[PDB]
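Encoded as structure tokens, the structure appears first; notes follow it.
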Amino acid sequence: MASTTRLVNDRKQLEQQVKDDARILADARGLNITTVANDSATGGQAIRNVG
Amino acid sequence: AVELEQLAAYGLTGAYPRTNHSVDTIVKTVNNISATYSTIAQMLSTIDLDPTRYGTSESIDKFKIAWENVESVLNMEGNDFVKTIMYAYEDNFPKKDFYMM
Amino acid sequence: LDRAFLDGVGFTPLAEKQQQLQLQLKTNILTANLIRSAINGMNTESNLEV
Amino acid sequence: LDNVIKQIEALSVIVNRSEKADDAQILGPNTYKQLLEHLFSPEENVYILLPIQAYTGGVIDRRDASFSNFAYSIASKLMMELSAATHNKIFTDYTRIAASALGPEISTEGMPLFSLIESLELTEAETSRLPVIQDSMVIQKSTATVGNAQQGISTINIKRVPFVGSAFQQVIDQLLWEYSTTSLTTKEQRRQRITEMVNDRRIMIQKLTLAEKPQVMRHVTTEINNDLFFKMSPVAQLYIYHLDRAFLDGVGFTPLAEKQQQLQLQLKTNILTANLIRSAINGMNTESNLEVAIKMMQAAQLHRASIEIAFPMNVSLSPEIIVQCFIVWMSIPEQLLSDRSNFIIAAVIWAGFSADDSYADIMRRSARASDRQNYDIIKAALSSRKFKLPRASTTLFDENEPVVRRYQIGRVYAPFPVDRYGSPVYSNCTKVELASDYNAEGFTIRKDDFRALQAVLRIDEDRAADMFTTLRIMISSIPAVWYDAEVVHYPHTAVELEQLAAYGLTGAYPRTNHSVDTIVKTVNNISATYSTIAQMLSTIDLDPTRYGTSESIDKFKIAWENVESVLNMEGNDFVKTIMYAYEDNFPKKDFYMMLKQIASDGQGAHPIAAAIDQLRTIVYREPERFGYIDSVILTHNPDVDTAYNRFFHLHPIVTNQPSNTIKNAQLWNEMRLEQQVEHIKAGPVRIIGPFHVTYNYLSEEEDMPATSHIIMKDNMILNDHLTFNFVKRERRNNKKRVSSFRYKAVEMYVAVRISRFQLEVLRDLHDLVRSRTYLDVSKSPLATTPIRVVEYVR
């Protein structure tokens, strides 16, 4: 039980803090949405009633 | 809808949706889409398009022309997410309810 | 919106899964095992849509 | 692709056969290192011990959140450097003079006392006091106790030599001595412990001479007892299987053609007529005897990894199946077969002899949950007065081998029905006779055929000499606490019917050519590689609160990196390969939890953690020795405190009370020009952030133009080092006064100054002597040639 027995937990906390503080100052640039189309058709075989 | 083979292949190999953008980018994109929709809607209220002047098929075309003109005059050409969405899936709606929308 | 924001997919190639199955499921060849054949007859071409 | 680890294990054992003589347990001579102090004297009976930077590492914390992190970094890096100079060394050597008909032995360890004459400018009245100091430096002996309760309590002799220097050096050497003499013991205690651990009297440890009894040695922090081996149970089965596999490279099977000839001779049927027994063993192959032998031995050791047979048949039968089941029943002992397999073969046997029963009904009526009672009932029926069928069995073995090891051993079953004599031992009776014949949807077997088959499965009795050495050399190298482990990789306990039947009919046994010391030398390696990781976890990761069990998976990447790094160096290839080969059945999370539990039960962290904790307060106490200072002060028209004028002519020390302090640096560095001017106009200002400064002590002869305290380029920006200047007041020139001209000429309008500065003054030369400890090799010498057993005497 000494200050050396906390290095891993301290590194975990520091990693989380640096991730948060890097995300805070990151510039946001909204990307234009493209590639929207109706191309999700469904195949299959017809029933073709007999008579 | 999905095939049994496709779902089985997706589940066999550990698969999961993957992204590359931050939360801020997504929020800004959604806000831009909302702002464009709201501006178009507020601009379209000045001109008048009653339902009794044309047929149910021609009024839709007049609305398309008005929308394109309004987008051209004021906004900068982007992609107009809502316009593309309504154009690409207009065949799955009977004309009366498309006009209602 | 989901299609626009979900760019790619992450998945282990079927080559590794076949090796893992061969290691875990140790069965002699020419013994009429069908799980190996069924796994072999698969592919991961369509993973984005799913 | 499972064969890539086969050669890995082979190479691990091959490199294990290499000597690799590590120089552990053996110590070496060492001397205390010398620091610098550069002392001087301004006037009579006052001597100044100026502090000089010792170690110049450590980088400031940019986050500025904490101050203790800077000190921790300094201490950790300094002691990482220091611990590399006393890796396996004890301080014993010192510079004596003599002890011959003059005064007793006296010591000259610090800077020579003669050299102080030209450094301190001593007068005649005090130089006469120097010889008495030299002649009063006697050496005092004493005793100190070493060893813990688990080890032996011993006593070693020590010395307390005087030397000249600063108190800081004394504290440094005290810390070094405390750190360097942990886990010490004498040979006479280690020999006693070793003899107590080896109970057998065949082993004879080399007797100690009189001179080697008080010699000093180093022992490990904590011994490897059975407790450590007990906690490795969840993954022990993999180690047992791979230890058997890597050491059993042969098998003593008689060729199949010979048994075929024997059976044909024993048969009571005409050659040209057809009997299915002789036509069923003809299509048998013995290429895979080795794998079945390994599995047989593993089933013999662990009582829960019982062998399970896989039956190609589903409901119907086959001519080969009946004879193979009979061979298994008559030749493979029942204790090494699982309950399911026993019940299946018992049902196959019982179907033919039953009056009305078949196979499909007997399976369909029964359930796999309680097959043990069914197996017992079938055995009782088959051991009656109407039918008798000998069931192969085996007994335990207590015998072992003499060898040095630190763990107990236990009894195991034997993978063959031999009872140390040629005659096998069965469970019910050694006679074969039947009331009627055997029929089951056809496939008639005559009564005499079973009796004939009984006489062909015997062991030749000639190979019994080699059949037991592998076996006794198998009850002498496996820890007894692993015999209750579970099974993690199921396929290690599975084998098809034909292979098992061929193994039983062929009468094969495991064999090996390796010795006994090789296996214990590998078990010790596994234990050591577990203990290293346990100690590292205990000295790094052990922390109760703050992300314990309830932590996100995100942190696991950080947690696992250290374990992987420790597993990545040489000498740990066995455990690393076993881990990375079977990750699917044993995920890394359970391994990490098991290691944490092992380290948390009980384990000495390391000698270095407490040492670093002890050095951190030292770093706190004396800043100047480590070349750092906090709370610099900027002001114009400074005012000197006139208390340090007694030692220096000009000094950067002031006593101004601060007003309107700045939070930290890099802020004043960029505020605005003519905006910070008001800050210094209202009064002196202070910069909290600690800096990296070096003091320059100059005689009153030259100057060092630093002039870089403040750089004027559109802003009053501070520097990054802030070198200061001191001018020493010596006896040569201490009545004249300096005009203070050459102290602001090389300066700017705004002056950078220091608030606090610590130095130690001494009134008499008798206070220049301190103490250090040593070993006194004369009475407790450093050891050599550690304890060994006796063999090759010539």
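Residues are referred to by chain and number: the chain letter is A, B, ... according to the order shown in the structure tokens, the number counts from 1 in that chain, and ligands are numbered separately from 1 in the order shown.
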Which residues of chain C have any atom within 9 Å of an atom in chain D when counting only C-alpha atoms, and what is the closest pair of atoms for each, with the distance in Å to one decimal? Order the rows by chain and rising number and write it as JSON lines.
{"residue": "C:19", "atom": "CA", "partner": "D:1", "partner_atom": "CA", "distance": 7.3}
{"residue": "C:20", "atom": "CA", "partner": "D:584", "partner_atom": "CA", "distance": 8.6}
{"residue": "C:22", "atom": "CA", "partner": "D:1", "partner_atom": "CA", "distance": 8.3}
{"residue": "C:23", "atom": "CA", "partner": "D:2", "partner_atom": "CA", "distance": 6.6}
{"residue": "C:24", "atom": "CA", "partner": "D:491", "partner_atom": "CA", "distance": 7.6}
{"residue": "C:25", "atom": "CA", "partner": "D:491", "partner_atom": "CA", "distance": 7.5}
{"residue": "C:26", "atom": "CA", "partner": "D:491", "partner_atom": "CA", "distance": 6.6}
{"residue": "C:31", "atom": "CA", "partner": "D:312", "partner_atom": "CA", "distance": 8.6}
Polymer residues at most 10 Å from residue C:14, only C-alpha atoms, same-chain spacing of 5 or more positions, as a ChimeraX atom specification:
/B:9,12-14 /C:19-20,39-40,42-44
Have a look at C:17, C:34, C:28, C:49 and name the one nearest to chain A; count only C-alpha atoms.
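Distance minimum relative to chain A lands on C:49.
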Can you list, as a tab-separated table (two decimals) with N, CA and C atoms, in the first residue's frame, every protein, DNA or RNA residue that comes within 10 Å of stretch 16-22 of chain A when you count only C-alpha atoms, leaving out same-chain residues fewer than 4 positions away?
chain	number	residue	atom	x	y	z
A	10	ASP	N	-4.36	5.69	-12.06
A	10	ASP	CA	-4.11	7.08	-12.42
A	10	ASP	C	-4.00	7.22	-13.94
A	11	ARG	N	-3.33	6.27	-14.60
A	11	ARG	CA	-3.22	6.33	-16.05
A	11	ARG	C	-4.58	6.17	-16.72
A	12	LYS	N	-5.43	5.30	-16.18
A	12	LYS	CA	-6.78	5.18	-16.72
A	12	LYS	C	-7.52	6.50	-16.63
A	26	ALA	N	-12.39	19.84	-30.30
A	26	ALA	CA	-12.40	19.42	-31.69
A	26	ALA	C	-13.40	20.24	-32.50
D	554	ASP	N	-13.55	-0.37	-21.74
D	554	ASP	CA	-12.57	0.54	-22.32
D	554	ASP	C	-11.23	0.47	-21.60
D	555	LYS	N	-11.23	0.38	-20.28
D	555	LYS	CA	-10.00	0.38	-19.50
D	555	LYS	C	-9.23	-0.94	-19.57
Going by DSSP on the backbone, which bits of chain B are strand (DSSP E)? Write them as number ranges by chain, please.
B: 15-18
Write the residues of the preceding selection, restricted to N, CA, C and O atoms, as a PDB file, in the first residue's frame.
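Printed below is result-v3.pdb as written:
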ATOM      1  N   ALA B  15     -19.575  -8.956 -36.107  1.00  0.00           N
ATOM      2  CA  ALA B  15     -19.830  -7.779 -36.917  1.00  0.00           C
ATOM      3  C   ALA B  15     -20.612  -6.757 -36.110  1.00  0.00           C
ATOM      4  O   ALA B  15     -21.416  -7.111 -35.245  1.00  0.00           O
ATOM      5  N   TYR B  16     -20.367  -5.481 -36.403  1.00  0.00           N
ATOM      6  CA  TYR B  16     -20.992  -4.403 -35.655  1.00  0.00           C
ATOM      7  C   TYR B  16     -20.888  -3.134 -36.475  1.00  0.00           C
ATOM      8  O   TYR B  16     -19.902  -2.969 -37.206  1.00  0.00           O
ATOM      9  N   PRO B  17     -21.864  -2.237 -36.401  1.00  0.00           N
ATOM     10  CA  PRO B  17     -21.749  -0.965 -37.118  1.00  0.00           C
ATOM     11  C   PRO B  17     -20.545  -0.179 -36.631  1.00  0.00           C
ATOM     12  O   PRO B  17     -20.230  -0.165 -35.441  1.00  0.00           O
ATOM     13  N   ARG B  18     -19.871   0.482 -37.564  1.00  0.00           N
ATOM     14  CA  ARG B  18     -18.664   1.235 -37.259  1.00  0.00           C
ATOM     15  C   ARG B  18     -18.746   2.610 -37.899  1.00  0.00           C
ATOM     16  O   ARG B  18     -19.157   2.742 -39.055  1.00  0.00           O
TER      17      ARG B  18
END
9 Å contact set for residue B:56, only C-alpha atoms, chain neighbours under 4 positions out, as a VMD selection string:
chain B and resid 51 to 52 60 95 to 96 99
For chain B against chain A, which residues fall within 7 Å using only C-alpha atoms, given as a PyMOL selection string?
chain B and resi 24-26+28-29+79+81+88-89
Based on the backbone DSSP call, show me all residues of stretch 343-542 of chain D assigned helix (DSSP H, G or I), as a PyMOL selection string.
chain D and resi 343-353+359-365+368-382+447-454+464-472+480-484+490-493+497-506+517-540
May I have a table of the residues of chain C lying at most 8 Å from chain B, giving each one's closest pair of atoms and their distance in Å to one decimal, counting only C-alpha atoms, ordered by chain and ascending residue number, as JSON lines?
{"residue": "C:5", "atom": "CA", "partner": "B:19", "partner_atom": "CA", "distance": 6.7}
{"residue": "C:6", "atom": "CA", "partner": "B:19", "partner_atom": "CA", "distance": 5.1}
{"residue": "C:7", "atom": "CA", "partner": "B:19", "partner_atom": "CA", "distance": 5.6}
{"residue": "C:8", "atom": "CA", "partner": "B:18", "partner_atom": "CA", "distance": 5.4}
{"residue": "C:9", "atom": "CA", "partner": "B:18", "partner_atom": "CA", "distance": 5.0}
{"residue": "C:10", "atom": "CA", "partner": "B:15", "partner_atom": "CA", "distance": 5.7}
{"residue": "C:11", "atom": "CA", "partner": "B:15", "partner_atom": "CA", "distance": 4.6}
{"residue": "C:12", "atom": "CA", "partner": "B:13", "partner_atom": "CA", "distance": 5.7}
{"residue": "C:13", "atom": "CA", "partner": "B:13", "partner_atom": "CA", "distance": 7.0}
{"residue": "C:14", "atom": "CA", "partner": "B:13", "partner_atom": "CA", "distance": 6.7}
{"residue": "C:17", "atom": "CA", "partner": "B:13", "partner_atom": "CA", "distance": 7.0}
{"residue": "C:42", "atom": "CA", "partner": "B:9", "partner_atom": "CA", "distance": 6.8}
{"residue": "C:43", "atom": "CA", "partner": "B:9", "partner_atom": "CA", "distance": 6.6}
{"residue": "C:44", "atom": "CA", "partner": "B:9", "partner_atom": "CA", "distance": 6.0}
{"residue": "C:46", "atom": "CA", "partner": "B:6", "partner_atom": "CA", "distance": 6.9}
{"residue": "C:47", "atom": "CA", "partner": "B:10", "partner_atom": "CA", "distance": 6.2}
{"residue": "C:48", "atom": "CA", "partner": "B:17", "partner_atom": "CA", "distance": 8.0}
{"residue": "C:50", "atom": "CA", "partner": "B:7", "partner_atom": "CA", "distance": 6.9}
List the spatial neighbours of residue D:505 as a CSV table (one decimal) with C-alpha atoms, in the first residue's frame - criterion: any atom at most 8 Å away, only C-alpha atoms, same-chain residues fewer than 4 positions off excluded.
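Output (result.csv):
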chain,number,residue,atom,x,y,z
D,327,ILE,CA,-11.8,-55.4,-26.6
D,331,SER,CA,-8.5,-54.4,-21.9
D,457,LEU,CA,-4.9,-59.3,-24.6
D,501,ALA,CA,-9.6,-50.5,-29.5
If we count only C-alpha atoms, which residues of chain A reach to within 10 Å of chain D? Please list them as an MDAnalysis selection string.
chainID A and resid 1:13 15:16
Hey, list the chain C side of the contact with chain A: 9 Å cut-off, only C-alpha atoms, answer as a PyMOL selection string.
chain C and resi 1+3-5
My list of candidates is B:67, B:77, B:86, B:98. Which is closest to residue B:41 when distances are computed with only C-alpha atoms?
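Closest to residue B:41, using only C-alpha atoms: B:67.
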Between atom CA of residue D:716 and atom CA of residue D:675 - distance in Å to one decimal:
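So the two atoms, atom CA of residue D:675 and atom CA of residue D:716, lie 10.1 Å apart.
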For residue B:49, which residue out of B:82, B:65, B:36, B:27 is the nearest one, using only C-alpha atoms?
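Ranked by minimum distance to residue B:49, first place goes to B:65.
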